[PDB]
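Single-structure report; data block below.
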Amino acid sequence: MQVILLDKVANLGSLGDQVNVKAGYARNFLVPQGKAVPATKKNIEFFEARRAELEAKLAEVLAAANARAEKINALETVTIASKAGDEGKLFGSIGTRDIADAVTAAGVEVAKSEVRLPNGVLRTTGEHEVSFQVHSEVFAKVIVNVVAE
Amino acid sequence: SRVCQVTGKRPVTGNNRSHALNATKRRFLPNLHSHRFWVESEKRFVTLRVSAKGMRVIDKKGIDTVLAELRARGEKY
RNA sequence: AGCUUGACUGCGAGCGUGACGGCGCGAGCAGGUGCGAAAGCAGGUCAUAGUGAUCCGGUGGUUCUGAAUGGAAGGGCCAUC
RNA sequence: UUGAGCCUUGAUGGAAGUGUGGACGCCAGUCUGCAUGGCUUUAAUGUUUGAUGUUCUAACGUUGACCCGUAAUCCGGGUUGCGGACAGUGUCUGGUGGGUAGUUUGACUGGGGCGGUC
RNA sequence: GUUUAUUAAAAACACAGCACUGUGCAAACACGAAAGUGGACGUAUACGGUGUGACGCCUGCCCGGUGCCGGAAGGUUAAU
RNA sequence: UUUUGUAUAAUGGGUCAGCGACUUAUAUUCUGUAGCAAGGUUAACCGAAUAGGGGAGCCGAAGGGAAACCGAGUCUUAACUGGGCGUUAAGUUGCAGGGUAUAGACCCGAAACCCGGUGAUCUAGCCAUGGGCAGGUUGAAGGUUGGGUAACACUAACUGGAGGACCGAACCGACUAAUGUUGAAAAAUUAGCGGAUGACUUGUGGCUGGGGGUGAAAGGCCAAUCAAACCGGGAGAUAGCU
RNA sequence: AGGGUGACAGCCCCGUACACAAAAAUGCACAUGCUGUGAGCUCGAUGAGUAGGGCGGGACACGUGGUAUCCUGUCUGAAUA
RNA sequence: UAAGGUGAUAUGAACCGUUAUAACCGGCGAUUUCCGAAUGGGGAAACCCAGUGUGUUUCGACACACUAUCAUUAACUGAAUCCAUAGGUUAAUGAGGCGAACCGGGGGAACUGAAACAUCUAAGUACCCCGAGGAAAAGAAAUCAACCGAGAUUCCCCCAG
Ligand SMILES: [Mg+2]
Ligand SMILES: [Mg+2]
Ligand SMILES: [Mg+2]
Ligand SMILES: [Mg+2]
Ligand SMILES: [Mg+2]
Ligand SMILES: [Mg+2]
Ligand SMILES: [Mg+2]
Ligand SMILES: [Mg+2]
Ligand SMILES: [Mg+2]
Ligand SMILES: [Mg+2]
Ligand SMILES: [Mg+2]
Ligand SMILES: [Mg+2]
Ligand SMILES: [Mg+2]
Ligand SMILES: [Mg+2]
Ligand SMILES: [Mg+2]
Ligand SMILES: [Mg+2]
Ligand SMILES: [Mg+2]
Ligand SMILES: [Mg+2]
Ligand SMILES: [Mg+2]
Ligand SMILES: [Mg+2]
Ligand SMILES: [Mg+2]
Ligand SMILES: [Mg+2]
Ligand SMILES: [Mg+2]
Ligand SMILES: [Mg+2]
Ligand SMILES: [Mg+2]
Ligand SMILES: [Mg+2]
Ligand SMILES: [Mg+2]
Ligand SMILES: [Mg+2]
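Top to bottom, those sequences are chains BH and BX. The first sequence begins at 1 in the deposited numbering and counts up by one. The second sequence begins at 1 in the deposited numbering and counts up by one.
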């Protein structure tokens, strides 16, 4: 009695691992109570296929927009800026929708503050390249041009 | 009728044989048990009269296949 | 008393005695041996009791056998329990 | 909890001073850690493997109660309570077993038995 | 009171009484491969087995043997 | 007939007639006989059917050795002066017969063992539902009233109607004697006898089945039988006996 | 061939050898119809609680034997031309 | 098919026939009480008693048909549970019982032989039980052989006591 798992399951469980259990635990509790299934070989591919059409399929289906920053590898047109201040230095901050203002017409339009650098955001020159939240892995690169008026 | 519903296993006859090699008519008879199986295919407990082994057979071929027989053979279940 | 292993191995003309199974005696032959200078004597004990058939099984030996073939198991044969 | 193996982080194979439990410590050491201050002899885990013990429920028992099939002291399905890997049963196995069964239990002999003998 | 209907009616069996012993109930026990059933629609003031045999006065010693009961050490010991 | 021996007072037979016991099959060997002869002969089957075909095969012409093997020799043993068994006599197939083997094996006969059935119309026990007990005695508890006690106790009449109680018919039994004993009767008749309101007696119907029942226990009863019923089967059990 | 008829019949009778026969119901053959039914080629697939094993038995002429082969009550359990 | 007939003991009677409906024989039909598998219920076989449909110049009642069980299927219903299962009724098909041997299977003795007896025998016999056919069963090699080869099963003669 080997059988494969469905749900977690205490001292062996794992959503689909390959266990080998006493016949009783199984034909008395695990199965006929939705938790496992005889490893009928028919199944050891039926629940191994997934392990391919998924853990090597949909884990690749993720890679279709590398870095998401594709043809934006040459910065973006600087429509306006992101502000300034302190007669020379910096003083003003980014409202909850004010890092777009510059890159405010490139990709798609949004308006949210998924803050990434929990600092007082350094006040100097202006043009910087950190990362920002583009996804749970990749990044992006652009700059920031001030406004002289 | 001590008869395993899955494998047909009924009791048999044989001797005893002492040290003296003395023949004595006996029976061997199946290790039957009757057990409540859950089907899900029918949301019910079909409770067969089964010999262990019969059990092992269900544990491999699958109840839905074992009841597939019987049904196909005429048996109640 | 000295020296010794003939309480030897293979055989055995020819007799005894038994319904039988069997048991007994036996010179002589071959090989090899002890004793004796030699002739010679020794195949246990002065003789006659001191015993258990067969089957099954054990041990040693021996290619005799060995179920397609080579081996092996088992079997035989000799010895012995 | 516990006998034994493997994996490991502490024992055998960013200085000096103002400070601490355990110890085969060659017989009087120094240690093993505890604070700080400009492949083989040792302890705990993750564990793998057997033993013991608690409990669990979900096989299994129910000759408690209820529901329905059903105007039914059977049976079946269902609910519930109690018990519960025990009990019981299959195979195997040691013991017991005139309860039952098949038999054996000699011959000679001044009849037979006893004695005696083979 | 019972008994050898048909050679034995008795001092034999039974008996009320006494004792021992088993049995917590799905009882022990008994019929039965089993299901089912008696025991009992009873529950230890009950049910079974065994012996003794109204009642009076009593019922001593022996546990070596046999039988039965109990025993969580060791020895020996089966399948595995 | 059986016996050392039977007129034997040891067995069997009243007599007649009819029936009544060494067979049959297959093997096997021997004698007789016939055929063929170092050979003889086919079986199943085919079939032109008692022919013919069919030579599968069997026996014989070679034995010795456990055997491999050798071979008119061979085995024993290292080898035999030798010794054992062989080489020097014809077979084989029918047919009749004499033995034997396997079958009931010359015939008749057990007491029994086993299987499957039929039996509680007799009888044992039990279950349900019905029935029966003339007549006569004894007079338990309890109750009433007197007497009595301080009150109970006690006590006397009466009342009451207990009992595996007494006597005795029916009914149930069965202790003694006689008769019977080719009976009136395969268990009785006659005169006596025990029980007779009880653990009584009886009708009808029911249940218990053979290693089983039932048993106030005798090994009693279970259809004129019981230390294991009857019927059919195994079955022609077996019979070193008559 | 046989039987009968007043005793023993080829020629007296019924038969016998031989040659014939069915309106109906059926048997079996064929030739056809009906319902079916599947045919041939190519490419595949190739019988798991099974084989095997422990234990207890039973079958094989074989009585556990040195014992192959087969069946399985019980416990287990492969390979995949 | 026919010139004779109405079976027998067994006459007699009353009849029927003789050229085709006397009788006799054969094919096919009709009728076929009751009991009996017995099947509407019951039951001490040949009897008792029903329910539902029918049916009458006298539509009381009394005669005729259907109503067992089980299995497969179908329709309609339909619980604890709301679905669904179970259950319930109806209908169509089928089965039942009997009977020689032979056959396959499930169980399976003893006497007796071994001059006793237990392994062994008798013997997978007798017998009980289930099932089936004109036959049954078996059957197209995970078979033999033996370095050549054979080619399912069944039966017979040998091999060989
Ligand atoms: Mg005895
Ligand atoms: Mg004597
Ligand atoms: Mg008396
Ligand atoms: Mg008497
Ligand atoms: Mg008397
Ligand atoms: Mg008592
Ligand atoms: Mg007494
Ligand atoms: Mg006394
Ligand atoms: Mg005393
Ligand atoms: Mg005499
Ligand atoms: Mg004379
Ligand atoms: Mg005389
Ligand atoms: Mg009666
Ligand atoms: Mg009286
Ligand atoms: Mg009286
Ligand atoms: Mg009288
Ligand atoms: Mg006596
Ligand atoms: Mg009698
Ligand atoms: Mg008899
Ligand atoms: Mg006889
Ligand atoms: Mg016989
Ligand atoms: Mg294949
Ligand atoms: Mg009827
Ligand atoms: Mg009826
Ligand atoms: Mg006997
Ligand atoms: Mg004998
Ligand atoms: Mg066939
Ligand atoms: Mg080839």
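Yeah, the Cβ is synthetic: ideal placement off N, Cα and C, and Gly gets one too.
Out of BH:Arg123, BH:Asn43 and BH:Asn11, which has the shortest C-alpha to C-alpha gap to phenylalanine 91 of chain BH?
-> Walking along the first sequence from the start, residue 91 of chain BH turns up at place 91. Nearest neighbour of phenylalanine 91 of chain BH by Cα position, chosen from BH:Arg123, BH:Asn43 and BH:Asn11, turns out to be BH:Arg123.
For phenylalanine 46 of chain BH, three-class secondary structure by DSSP = Residue 46 of chain BH sits at position 46 when you count from the first residue of the first sequence. In the structure shown, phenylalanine 46 of chain BH sits in a helix (DSSP, three-state: H, G or I).
When the cut-off is 8 Å and only beta carbons count, does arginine 116 of chain BH lie next to chain BX?
-> Here residue 116 of chain BH is taken as the residue at index 116 of the first sequence, counted from 1. Not an interface residue.
Could you spell out the range, first to last residue, of the alpha helix (DSSP H) harbouring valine 12 of chain BX?
-> For the purposes of this step, residue 12 of chain BX is taken as residue 12 along the second sequence, with counting starting at 1. Where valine 12 of chain BX is concerned, there is no enclosing alpha helix (DSSP H), although the beta strand (DSSP E) it sits in stretches over 12 to 14.
Rounded to whole angstroms, what's the CA-CA distance from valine 146 of chain BH to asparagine 119 of chain BH? Just pull it up for me.
-> Position 146 of the first sequence holds residue 146 of chain BH. Position 119 of the first sequence holds residue 119 of chain BH. Taken atom to atom, the span from the alpha-carbon of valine 146 of chain BH to that of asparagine 119 of chain BH is near 21 Å.
Since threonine 65 of chain BX is in the alpha helix (DSSP H), which residue starts that stretch and which ends it?
-> Counted from its first residue, the second sequence places residue 65 of chain BX at position 65. Counting along the chain, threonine 65 of chain BX sits inside the alpha helix (DSSP H) bounded by residues 63 to 66.
Determine which residues share a DSSP beta bridge with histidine 35 of chain BX and list them.
-> Taking the second sequence and counting its residues from 1, one reaches residue 35 of chain BX at position 35. BX:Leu48.
Residues of chain BX with a CB under 9 Å from the CB of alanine 23 of chain BH: which are they?
-> Position 23 of the first sequence, counting from 1, holds the residue named residue 23 of chain BH. Listed along chain BX, the residues sitting closer than 9 Å to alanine 23 of chain BH by beta-carbon distance are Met55, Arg56 and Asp59.
When the Cα atoms are used, what is the spatial distance from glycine 126 of chain BH to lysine 141 of chain BH?
-> Taking the first sequence and counting its residues from 1, one reaches residue 126 of chain BH at position 126. Taking the first sequence and counting its residues from 1, one reaches residue 141 of chain BH at position 141. Between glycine 126 of chain BH and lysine 141 of chain BH, the C-alpha separation is close to 15 Å.
Quick one, are the C-beta atoms of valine 9 of chain BH and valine 37 of chain BH less than 8 Å apart?
-> For the purposes of this step, residue 9 of chain BH is taken as the residue at position 9 of the first sequence. For the purposes of this step, residue 37 of chain BH is taken as the residue at position 37 of the first sequence. Between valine 9 of chain BH and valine 37 of chain BH, the CB-CB gap reaches or exceeds 8 Å.
Can you find a CB in chain BX that lies within less than 8 Å of the CB of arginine 50 of chain BH?
-> Counting from one through the first sequence, the residue named residue 50 of chain BH turns up at place 50. For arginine 50 of chain BH, the answer is no, since every Cβ of chain BX falls outside 8 Å of its Cβ.
Helix, strand or coil: how does DSSP classify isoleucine 80 of chain BH here?
-> Residue 80 of chain BH sits at position 80 when you count from the first residue of the first sequence. For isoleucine 80 of chain BH, the three-state secondary structure derived from DSSP is coil.
Where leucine 58 of chain BH and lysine 42 of chain BH are concerned, what is the direct C-alpha to C-alpha distance, given to the nearest angstrom?
-> One-based indexing of the first sequence puts residue 58 of chain BH at position 58. One-based indexing of the first sequence puts residue 42 of chain BH at position 42. If I take the Cα positions, the gap works out to 23 Å.
Limits of the beta strand (DSSP E) - the one that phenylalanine 28 of chain BX falls within | Taking the first residue of the second sequence as position 1, residue 28 of chain BX is located at position 28. If you look at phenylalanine 28 of chain BX, you'll find it in the beta strand (DSSP E) that goes 26 to 28.
Counting pairs of beta carbons, one from the stretch 27 to 39 of chain BX and one from the stretch 4 to 15 of chain BX, are three or more of them closer than 8 Å?
-> Touching, yes, given that three or more Cβ pairs across the two stretches are closer than 8 Å.
Contact set for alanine 26 of chain BH: own chain, Cβ-Cβ below 7 Å, skip 5 residues either direction | Taking the first sequence and counting its residues from 1, the one referred to as residue 26 of chain BH is at position 26. These residues qualify, in order along the chain: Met1, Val3 and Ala36.
Under three-state DSSP, which class holds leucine 122 of chain BH?
-> Position 122 of the first sequence, counting from 1, holds the residue named residue 122 of chain BH. Three-state DSSP puts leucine 122 of chain BH in coil, outside helix and strand.
Using a Cβ-Cβ cut-off of 6 Å (strictly less than) and excluding sequence neighbours within five positions of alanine 106 of chain BH, which residues of its own chain qualify?
-> Translated into the one-based positions of the first sequence, residue 106 of chain BH becomes position 106. The beta carbon of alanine 106 of chain BH sits closer than 6 Å to those of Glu76, all from its chain and outside the five residues before and after it, given in chain order.
Beta-carbon of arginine 97 of chain BH versus every beta-carbon of chain BX: anything under 8 Å?
-> As a working mapping, residue 97 of chain BH is identified with position 97 in the first sequence. No, its Cβ sits nowhere closer than 8 Å to a Cβ of chain BX.
In chain BH, which residues lie with their C-beta within 8 Å of the C-beta of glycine 14 of chain BX?
-> On the second sequence, position 14 is the one that residue 14 of chain BX refers to. The CB of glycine 14 of chain BX never comes closer than 8 Å to any CB in chain BH; the least such distance is about 29 Å.
Which listed residue (BH:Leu117, BH:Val115, BH:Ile99 and BH:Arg116) has its alpha carbon closest to that of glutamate 109 of chain BH = What you label residue 109 of chain BH is simply residue 109 of the first sequence in a count that begins at 1. The residue with the shortest Cα to Cα distance from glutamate 109 of chain BH is BH:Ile99.
Quick one: grab the DSSP three-state call for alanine 64 of chain BH.
-> Taking the first sequence and counting its residues from 1, the one referred to as residue 64 of chain BH is at position 64. If DSSP states are grouped into helix, strand and coil, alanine 64 of chain BH belongs with coil.
For a contact meaning CB atoms closer than 7 Å, what does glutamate 40 of chain BX contact in chain BH?
-> What you label residue 40 of chain BX is simply residue 40 of the second sequence in a count that begins at 1. By Cβ distance, chain BH contributes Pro32.
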